[PDB]
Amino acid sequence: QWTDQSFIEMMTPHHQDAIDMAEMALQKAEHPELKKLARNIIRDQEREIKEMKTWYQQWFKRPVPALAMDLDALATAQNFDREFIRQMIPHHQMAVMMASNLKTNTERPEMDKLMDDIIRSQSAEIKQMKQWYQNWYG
C-alpha cells in the first residue's frame, strides 16, 4: 500500500525519465505527432515534479531522497519512434496503476487531485500511442 511519501520518492524520478525521453524526442523523433506529445509530457510532468518536490519539503521537512527506462537502448535504437512508444506505454501504465492505488489511501487533497491528473492524461497518451503504433507498425 503506497503512502504519500514513498509515492513521491518513486514518482519523481519516474517523471524525470519521461521528461528525459521527451527531450531526446524533440531531436530524434520523426513523426510530428510524437514531438507534440513530447512537448506535453515535458510541460505537464515538470509541473507535477515541481509540486511533488514542494509538497515533500512541506510535509517531510527535507528534499526528496534519491536511491526503469533504458535511454541508451532508445538512443541507439534503429527506429526511435517505435522504441519510444514501446517504452513509454508501459511506463505510463505504471504511473496510472500506481495513481489509482494511492487514490484510495491518501488523505491529502493535493495528492487526490494529482492522482486524477496522472490517471487522466497518462491514460489518454496511452490511447494515442497505441493508435500511432498500429498506424506506423501494425
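For every residue, the number given is its place in the sequence shown, counted from 1. Rigid core: the largest C-alpha set superposing within 1.5 Å between the two forms.
Once the structures in 4 other deposited structures of this protein are superposed via the core, the pair 98 to 106 and 71 to 79 is resolved in favour of 71 to 79 as the more displaced stretch (C-alpha RMS). After a core fit, the C-alpha atoms in 4 other deposited structures of this protein lie farther on average from the shown form in one of 87 to 95 and 58 to 66, namely 58 to 66. As the entry records it, the average C-alpha temperature factor is higher for 78 to 86, out of 78 to 86 and 45 to 53. Across the two stretches, 30 to 38 and 68 to 76, the PDB entry reports the greater mean Cα temperature factor for 68 to 76. Remark: of 25, 119, 18, 11, 119 shows the highest value [criterion: C-alpha B-factor in the PDB entry]. Per-chain ranking of the deposited C-alpha B factor places residue 132 in the lowest third. When the CA B factors of the chain's modelled residues are split into thirds, the value for residue 111 lands in the lowest one. Ranked by C-alpha B-factor against the other modelled residues of its chain, residue 93 falls in the middle third. Ranked within its chain, residue 100 lands in the middle third, by CA B factor from the PDB record.
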